[PDB]
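Enquirer: This is the structure I want to talk about, given as structure tokens.
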Amino acid sequence: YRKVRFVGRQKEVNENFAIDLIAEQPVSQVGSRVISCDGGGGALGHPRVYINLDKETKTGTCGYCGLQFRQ
Amino acid sequence: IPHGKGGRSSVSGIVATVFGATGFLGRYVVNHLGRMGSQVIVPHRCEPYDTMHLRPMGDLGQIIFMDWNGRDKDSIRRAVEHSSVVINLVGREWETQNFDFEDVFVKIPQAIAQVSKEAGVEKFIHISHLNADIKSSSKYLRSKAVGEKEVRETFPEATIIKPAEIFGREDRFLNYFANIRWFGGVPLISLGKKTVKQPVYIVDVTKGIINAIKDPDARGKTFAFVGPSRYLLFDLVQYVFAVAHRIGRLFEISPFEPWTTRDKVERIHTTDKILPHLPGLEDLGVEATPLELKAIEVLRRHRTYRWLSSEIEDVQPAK
Amino acid sequence: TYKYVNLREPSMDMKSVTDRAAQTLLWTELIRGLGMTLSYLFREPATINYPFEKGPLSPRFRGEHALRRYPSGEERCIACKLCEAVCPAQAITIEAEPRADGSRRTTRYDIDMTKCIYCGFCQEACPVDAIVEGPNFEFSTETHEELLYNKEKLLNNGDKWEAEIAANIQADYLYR
Amino acid sequence: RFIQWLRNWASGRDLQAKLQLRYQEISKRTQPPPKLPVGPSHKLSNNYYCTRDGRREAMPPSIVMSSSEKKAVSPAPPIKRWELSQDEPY
Amino acid sequence: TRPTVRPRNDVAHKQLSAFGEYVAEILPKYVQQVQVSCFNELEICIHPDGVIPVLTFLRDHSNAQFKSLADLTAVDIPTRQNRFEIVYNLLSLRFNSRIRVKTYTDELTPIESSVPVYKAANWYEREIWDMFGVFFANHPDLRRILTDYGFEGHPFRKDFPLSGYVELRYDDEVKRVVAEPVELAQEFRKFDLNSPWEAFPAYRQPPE
Amino acid sequence: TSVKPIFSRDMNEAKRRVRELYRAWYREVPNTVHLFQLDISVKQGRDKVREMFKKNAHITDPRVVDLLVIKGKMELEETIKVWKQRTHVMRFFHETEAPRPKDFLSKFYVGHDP
Amino acid sequence: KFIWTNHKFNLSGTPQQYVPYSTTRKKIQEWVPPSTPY
Amino acid sequence: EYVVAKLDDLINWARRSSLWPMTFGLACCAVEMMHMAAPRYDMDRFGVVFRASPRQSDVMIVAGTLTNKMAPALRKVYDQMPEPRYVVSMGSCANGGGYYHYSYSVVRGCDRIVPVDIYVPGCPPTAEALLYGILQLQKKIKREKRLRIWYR
Ligand SMILES: NC(=O)c1ccc[n+]([C@@H]2O[C@H](COP(=O)([O-])OP(=O)(O)OC[C@H]3O[C@@H](n4cnc5c(N)ncnc54)[C@H](OP(=O)(O)O)[C@@H]3O)[C@@H](O)[C@H]2O)c1
Ligand code: SF4
Ligand code: SF4
Ligand code: SF4
């Protein structure tokens, strides 16, 4: 029903997708207890937030940042 | 499913399609679907810019345009595939120097009576005329009553419509008169006998459709459109001079879009009032509109102010 | 304090009144300026010859919108629903919903480009520093069905030049 | 030349202040990185909110309302006039 | 406190206590309250009877000039049980001061024009008849300014939903520009900003 | 209620008034109907005037019946002159607006919960 | 990377005018009726 | 046969190359129209001579905000213009009304009143995305008056 509006109009949609583009990252490690996640360069990026990785194997990438992060 | 109130920027659940819908009638229907909410897919033939005067009709994202030819069996199949009701006003006056006019009431209304039937439209509709009779008349008036026969075969549910001679605002029916500043008014054919037909006012016809557009329960069952009272006189041609106080054309001018010394002069005097047993109007109503009151508006000429019009008509007889 | 303007009296002596009767009747004034101060045409015209040459600007200019992304791209926007809530005109429209991994991002982001009044209130509320008014006046299309933007119109329009943008902020960000 | 002083035959003469600045004597760009200082009680160990207090100040003080050798006190002294302000005041 | 906090000045606040003390002294038939705004301005709460009278005393005198009428306005408050409000605002050129005159009303009760006292309340009274609905009698003229010829609602009062009741749109079916009820393309979102905890102790409403 | 009335006193001089300006309307509908070059049956113009004056019928009070007047007394200023251009007038008679059902079962198929 | 190679324009109909659309998942998920058996 | 389609490299190049725009000053946007006819970006003498009377025009322009009481005026003026007419709105208030879009006394959008063609988006469009908005309308005549007479 709705679908007759973009007929012949070629329907802009997003070639890439970030739905998961994340998992290709070389998930880092440190060798320590808690870390500083300020991302993308100093003072451009998420506010500094410290996360604890002590589980066994996991990490936690703060959720602003997304970038897979662990020890 | 209908939501809310019918003002504008509403839904009311019906899609549509209207073929033609550029010239006098079609423009004046869609304007009644650019109010109660719709999805009116109006295609059109050749005209890029003549369709703009329409666009402030549906709110936003309601009416939507396509391009089509109509002798290509695809162009009618690409649009309609999503539709609910589809009416058809298509067709015109004089034989074109290109379209041979014979089947444009036969092949075209069937060419769109192609996959429309197949693809699952419903409440398909078509137009007839009060005066078209398969006996011998009239060269244009004929081929129209063929559709009532030839086309009705397909789509057993139609509710095909049969109105009279109509008088609008920009219409060409009652406007062929009063354009007749000329060697003199010569009635057709110099006789005051059989005028006039049932002159219903264009609102009521265009309020009929959308009253049958979800009626319900009129499909296959054809209707015809009552005029006002009652038949009429010769005075109608005098009435013109009683008050009047005596798309895609070109850049410069055209070559021929004439008065047609042909069917045109004899199509207006064919009269033939016809079968009452058709339901045909108040049932689809509620509408009927007179003449004497609504003929000042559409008629404004070089006085532009004075009116003082007291003169009326009985019916007139055969009435 | 004060001043008094147009308070003067004619001198009234025959050394003067010739000087005011050599004026009315011989037009010795009124040819002073517009016999002259008009011409004075001999100065070079001032015109920016448009289709080619163009005029000045500044790094703080405002205009067509963008959404940056870091190095390898994160769609820098976190959907914190702010650039939406300071907007005077209320153009912005945002709908988040948790992305597959569990990091949050957007779905619909629409800046209407008719309503936006060009504040500079949506450049200055974003803490993660995503949304940024571009410096290009590319605009003017022929249908109002258009200027409404979706998300995936913006990103390109903001990845078409990031060599323009990424070199302005690093002039300007030291002030604010 | 013959067109240079015919621009100087009217409107006095200028040749220094000229409408288009187009030639040199402008400012170039922003070359230097600046540093904007924060002064006004920005430090620690002393600055204490509740002495800086910008807001939290009282309701409008009333005067006698329902439920004496007055000199006909005017709201304030009348205005003394202005000077005539030597510049070329006529 | 000094650096960022606006330094006060006392002298201005002593006199406007006095000079306003005694205009509750010499016209007690009218004035029902007076006070001093902490910023050194005055508000004279006056019954609706004196309006032409009180100003006329403020119109001329040697102790209070107040020749310059600056700003007439209004405020409309529900749950004041007499809805609207007037606020006159007058500058006395010699003595350098502002003294505002508050007079309440309703819709039905008329108020009497100030027009013979000052000729600059000519417009400011035509306007208010449009907006809030207050009706000023004996006014050399009363008409419609700031508004179209169709608005029957008197908008700025608090019952007019922001978008008025009839959008406008032009249609070619005839030749006019005609008026169909208002149908928007976006809700006009209603945000909600009012935060709890009562950050102001001084204004603390009565204990109850 | 104690507040000064506006013009009337009780209901009579008041209902002398509404009778009055009726005629200023009734005597002048049509001079406009040729003046704006708007075309209608002049009797319509005498139906609406009498359609409105019968509308607000239940009014129990002075200073209401005087309030409405002060509106009604105005309009004869604009209309008897030309401060409107055809389209501030004709808006009284609503041509374009599709009908409302106002009945029951016609609602129930169109629109939710009025 | 993550930026283009050549360029584009602002064009009036290119044919591509982009004519925006809606970016979201569905809403109420209407019910499916049961199949062939009674 | 082919003469027609070569003829429209004349008549469809004449109407696009001389425009006689009306303007409506109403609101802020009028000043950033003036600076299009001031000498910097020089509107006239790039083919488009500036304002004329209502009768002689082709492209009217809407700036500004359209309240209720201005609608009855516009609609009328748009008519009288000759045939080859267009309507190019500009500014964020002819597109759906800037802000004021929720007000009581502003018409919402000025598409509703007339069949508008080209749009431009922002409090004042920068006196640039104006001309960029016309070099859309001089490129929006690719149309042919052939293929109405000469097909159907
Ligand atoms: N009910 C009545 O009272 C009455 C009276 C007279 C005639 N009619 C007939 O009922 C309908 C009313 O038409 P009208 O009043 O609007 O006048 P009209 O001038 O015939 O309008 C028809 C429009 O459709 C176009 N057209 C012609 N043939 C076409 C075709 N095969 N396919 C697509 N478009 C075609 C015409 O030119 P374009 O192709 O360039 O668009 C025109 O634009 C017509 O069929 C007419 O012949 C009815
Ligand atoms: S940019 Fe700042 S404001 Fe705009 S959405 Fe992303 S976070 Fe919320
Ligand atoms: S640009 Fe100006 S208007 Fe558009 S959103 Fe950001 S702030 Fe609100
Ligand atoms: S912003 Fe609204 S008001 Fe300011 S100019 Fe553009 S349109 Fe006129």
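Chain order of the listed sequences is I, R, E, P, C, O, U and D. All the letters of the first sequence, read from the start, carry residue numbers 51 to 121 under the deposited numbering. All the letters of the second sequence, read from the start, carry residue numbers 41 to 286, 301 to 373 under the deposited numbering. All the letters of the third sequence, read from the start, carry residue numbers 37 to 212 under the deposited numbering. All the letters of the fourth sequence, read from the start, carry residue numbers 6 to 72, 90 to 112 under the deposited numbering. All the letters of the fifth sequence, read from the start, carry residue numbers 45 to 252 under the deposited numbering. All the letters of the sixth sequence, read from the start, carry residue numbers 15 to 128 under the deposited numbering. All the letters of the seventh sequence, read from the start, carry residue numbers 107 to 144 under the deposited numbering. All the letters of the eighth sequence, read from the start, carry residue numbers 64 to 215 under the deposited numbering. We treat Cβ as the ideally placed atom computed from N, Cα and C, and that holds for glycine.
Relative to the C-alpha of R:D317, which candidate in R:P149, R:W222, R:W134, R:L329 has its C-alpha closest?
Expert: Per the Cα distances, R:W134.
Enquirer: Confirm the yes/no value for this check: CB of E:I130, any heavy atom of ligand 2, distance under 7 Å.
Expert: It does: the Cβ of E:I130 is within 7 Å (strictly closer) of some heavy atom of ligand 2.
Enquirer: At a threshold of 7 Å, does D:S155 count as lining ligand 4 (C-beta to nearest heavy atom)?
Expert: Yes, the Cβ of D:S155 comes within 7 Å of a heavy atom of ligand 4.
Enquirer: Whether or not the region 246 to 256 of chain R and the region 270 to 286 of chain R are in contact is what I'm after, with contact meaning three or more pairs of Cβ atoms, one per stretch, closer than 8 Å; do they touch?
Expert: Touching, no.
Enquirer: First and last residue of the beta strand (DSSP E) that includes R:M106?
Expert: Element bounds for R:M106: 104 to 107.
Enquirer: Please name the residues in the region 48 to 81 of chain R whose beta-carbon is closer than 9 Å to at least one beta-carbon of chain I, in chain order.
Expert: If the cut-off is 9 Å between Cβ atoms, the region 48 to 81 of chain R has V55, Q79, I81 near chain I.
Enquirer: For C:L135, name the three-state secondary structure that DSSP assigns.
Expert: Here C:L135 sits in strand by DSSP.
Enquirer: Check whether the region 39 to 56 of chain P and the region 9 to 21 of chain P touch, using three or more Cβ-Cβ pairs below 8 Å as the test.
Expert: With the cut-off at 8 Å, the region 39 to 56 of chain P and the region 9 to 21 of chain P do not touch.
Enquirer: When burial is assigned at 16 or more other CB atoms within 10 Å of the CB, is D:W76 buried or exposed?
Expert: D:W76 comes out exposed.
Enquirer: Would you call the region 139 to 151 of chain D and the region 53 to 67 of chain R in contact, with 3 or more CB pairs under 8 Å?
Expert: No, they do not touch.
Enquirer: Between which two residues does the beta strand (DSSP E) holding C:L86 run?
Expert: 85 to 90 is the span of the beta strand (DSSP E), which, as asked, contains C:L86.
Enquirer: Considering only residues of the same chain and omitting the five flanking positions on each side of C:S158, which have a CB-CB separation below 7 Å?
Expert: Excluding residues within five positions, the ones whose Cβ falls inside 7 Å are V95, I96, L99, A165.
Enquirer: State yes or no: is the C-beta of E:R98 within less than 8 Å of the C-beta of E:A166?
Expert: Going by C-beta atoms, E:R98 is not nearer than 8 Å to E:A166.
Enquirer: Just to check, is the beta-carbon of D:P187 closer than 7 Å to a non-hydrogen atom of ligand 4?
Expert: Flag set: Cβ of D:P187 near ligand 4.
Enquirer: Check whether chain E comes within 8 Å of P:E105, counting only Cβ atoms and requiring the distance to be less than that.
Expert: For P:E105, the answer is yes, since a Cβ of chain E falls inside 8 Å of its Cβ.
Enquirer: Taking C-beta pairs closer than 7 Å, name the residues in chain U that E:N204 reaches, listed in chain order.
Expert: Residues of chain U passing the Cβ test: none, with the nearest at roughly 15 Å.
Enquirer: Where DSSP assigns a beta bridge to E:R144, which residues make up the other side?
Expert: E:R144 is bridged to E:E131.
Enquirer: Which bits of chain E does I:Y100 rub up against, with CB to CB less than 9 Å?
Expert: What I:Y100 touches in chain E: nothing, since even the nearest Cβ is about 17 Å away.
Enquirer: CA-CA distance, R:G267 and I:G58?
Expert: Cα to Cα, the separation comes out at about 44 Å.
Enquirer: Fully enclosed by the region 170 to 243 of chain R, which alpha helix (DSSP H) runs are 4 residues long or longer?
Expert: Qualifying alpha helix (DSSP H) stretches, in chain order: 184 to 190.
Enquirer: Between E:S94 and chain I, is any beta-carbon pair separated by less than 8 Å?
Expert: It does not: the Cβ of E:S94 has no partner Cβ on chain I nearer than 8 Å.
Enquirer: Taking 7 Å as the cut-off, is the CB of D:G127 close to at least one heavy atom of ligand 5?
Expert: For the structure depicted, ligand 5 is absent and the ligand set comprises only ligand 1, ligand 2, ligand 3 and ligand 4.
Enquirer: For I:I69, count neighbouring C-beta atoms within 10 Å of its own C-beta (all shown protein chains included) and say buried if the count is 16 or more, exposed if not.
Expert: So I:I69 ends up on the exposed side.
Enquirer: Using CA coordinates, which residue listed in D:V112, D:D174, D:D105 is at the minimum distance from E:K90?
Expert: The residue with the shortest Cα to Cα distance from E:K90 is D:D105.
Enquirer: Looking only at its chain, what residues have a beta carbon closer than 8 Å to the beta carbon of D:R114, apart from the 5 residues adjacent to it on each side?
Expert: Closer than 8 Å at the Cβ level, and outside the excluded window around D:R114, lie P84, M85, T86.
Enquirer: Taking only beta carbons into account, state which residues of the region 120 to 134 of chain U come closer than 8 Å to chain I, listed in chain order.
Expert: So the close ones are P121, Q122, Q123, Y124, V125, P126, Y127.
Enquirer: By a C-beta neighbour count over all protein chains shown, 10 Å radius and 16 as the cutoff for buried, is C:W241 buried or exposed?
Expert: Looking at its Cβ environment, which holds fewer than 16 other Cβ atoms inside 10 Å, C:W241 is exposed.
Enquirer: Hey, would you say the C-beta of D:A192 is under 7 Å away from at least one heavy atom of ligand 3?
Expert: Flag unset: Cβ of D:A192 not near ligand 3.
Enquirer: Cβ of E:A207 within 8 Å of Cβ of P:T35?
Expert: Result yes, Cβ atoms of E:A207 and P:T35 sit closer than 8 Å.
Enquirer: So does R:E311 have its beta carbon nearer than 7 Å to some heavy atom of ligand 1?
Expert: Every heavy atom of ligand 1 is 7 Å or more from the Cβ of R:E311, so no.
Enquirer: Using a Cβ-Cβ distance cut-off of 8 Å, determine whether C:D174 contacts chain D.
Expert: False, the Cβ-Cβ gap to chain D never drops below 8 Å.
Enquirer: Taking 8 Å as the threshold (C-beta atoms), are C:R142 and O:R100 in contact?
Expert: For O:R100 and C:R142, no; Cβs fall outside 8 Å.
Enquirer: For C:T117 and chain P, any beta-carbon pair shorter than 8 Å?
Expert: No, C:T117 lies away from the interface with chain P (no Cβ there is under 8 Å from its Cβ).
Enquirer: At a cut-off of 7 Å, is R:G302 close to ligand 1 when judged by its beta-carbon and the heavy atoms of the ligand?
Expert: Answer for R:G302: yes, Cβ within range of ligand 1.
Enquirer: Show which residues of chain C have a CB atom less than 8 Å away from the CB atom of D:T130.
Expert: The contacting residues are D192.
Enquirer: Nearest to C:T191 by alpha carbon, out of C:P199, C:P72, C:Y214?
Expert: Checked all of C:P199, C:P72, C:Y214; the closest Cα to C:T191 is C:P199.
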